Peer 1: 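Structure provided below as structure tokens; questions to follow.
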Amino acid sequence: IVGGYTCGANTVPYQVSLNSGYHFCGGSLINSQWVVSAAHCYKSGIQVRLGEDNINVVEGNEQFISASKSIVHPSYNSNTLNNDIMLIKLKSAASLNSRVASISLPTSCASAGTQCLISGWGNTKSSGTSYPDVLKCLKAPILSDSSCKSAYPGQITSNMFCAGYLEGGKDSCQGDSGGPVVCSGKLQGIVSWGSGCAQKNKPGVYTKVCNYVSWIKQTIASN
Ligand SMILES: Nc1cc(CNC(=O)[C@@H]2CCCN2C(=O)[C@H](N)Cc2ccccc2)cc(N)n1
Ligand SMILES: [Ca+2]
């Protein structure tokens, strides 16, 4: 997260870290057994880390649970990042408490201008590299479809939306991939892609979760 702020420990209790020997992506806990992340975060050997603030220190509220299965969306296209969504099933159910909590799926698609919360442990610099240990947060509005398409001509599908600031300075970044965009208490976006971080006229692009609720519900009912 570039240009954001330190969230505060466990104030984003649905935020997860995906660890394969190191943190490599975020995700969102949607019930005690399932995490939503980006398809471009797929890899084998995932451990889901819940209840995290400092990802380099065991502070006492964590739950570490191995994935039993990962399900990348059947229509994910890794060249266009269309349908950039993946479900991860936990080998055992998380214990839900004030520091480990699920986020609801949307029933409608959030509107342009809505202010959302984006979070993660990704790079905090728009030039160069600095990775934080504690969770970072960013408040950002959803941008109009026309602004989004003007920023990335020929690249925005109906399963994507832009959020952020066309002036630059505030964005998600590498390492935030797969993490949540939450608006009105629902998971509306997944950190997906962009061009650089916090660059002028290049806002973040996010998977439009409302388009996937039927697939999510049917998949978790059968796996
Ligand atoms: N820039 C940016 C990045 C992010 C997070 N997602 C990435 O870091 C993805 C992961 C792979 C690289 N990547 C890109 O977004 C690349 N800029 C374009 C690309 C995509 C996929 C494969 C190759 C190249 C959030 C925001 N808001 N902005
Ligand atoms: Ca920790």
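Every number for a ligand or one of its atoms is a count from 1 in the order of the listing. Note: hydrogens, waters and symmetry copies are ignored here, and every other heavy atom, side chains too, is used. In what follows, residues are counted from 1 in the order of the sequence shown.
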Peer 1: Does the residue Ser192 have a heavy-atom contact with ligand 1, meaning some pair of atoms that are separated by less than 4.0 Å?
Peer 2: yes

Peer 1: Is the shortest heavy-atom distance from the side chain of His40 to the side chain of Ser78 under 4.5 Å?
Peer 2: no

Peer 1: Could you check which N/O/S atom of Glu52 is closest to the Ca ion (ligand 2)?
Peer 2: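 Of all N, O or S atoms belonging to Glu52, OE1 is the one nearest the Ca ion (ligand 2).
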
Peer 1: May I ask you to identify, for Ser195, whether its side chain, its backbone, both or neither come under 4.0 Å of ligand 1 on a heavy-atom basis?
Peer 2: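 Answer for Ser195: backbone.
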
Peer 1: Counting each atom of ligand 1 from 1 as listed, which ones have a heavy atom of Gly194 under 4.0 Å away?
Peer 2: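 The list of qualifying atoms is 1 (N), 2 (C), 3 (C), 15 (O), 16 (C), 17 (N), 18 (C), 28 (N).
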
Peer 1: Any heavy atom of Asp176 closer to ligand 1 than 4.0 angstrom?
Peer 2: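 Per 4.0 Å heavy-atom rule, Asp176 does not contact ligand 1.
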
Peer 1: Do you reckon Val134 sits in the same ILVMFWY cluster as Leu138, going by side-chain contacts under 4.5 Å, direct or chained?
Peer 2: no

Peer 1: Give yes if a backbone or side-chain nitrogen or oxygen of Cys197 is under 3.5 Å from a nitrogen or oxygen of ligand 1, and no if not.
Peer 2: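 No; every N/O pair is 3.5 Å or more apart.
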
Peer 1: Please state which option from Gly26, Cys41, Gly164, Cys173 has its nearest heavy atom closest to atom 4 (C) of ligand 1.
Peer 2: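 It is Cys173 that holds the nearest heavy atom.
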
Peer 1: Just give me the atom name: the N, O or S atom of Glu62 closest to the Ca ion (ligand 2).
Peer 2: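 Nearest N/O/S atom of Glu62: OE2.
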
Peer 1: Please calculate the O(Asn54)-the Ca ion (ligand 2)-O(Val57) angle and round it to 10 degrees.
Peer 2: 80°

Peer 1: Under 4.0 Å, heavy-atom basis, I'd like to know which part of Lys202 is in contact with ligand 1: side chain, backbone, both or neither.
Peer 2: neither

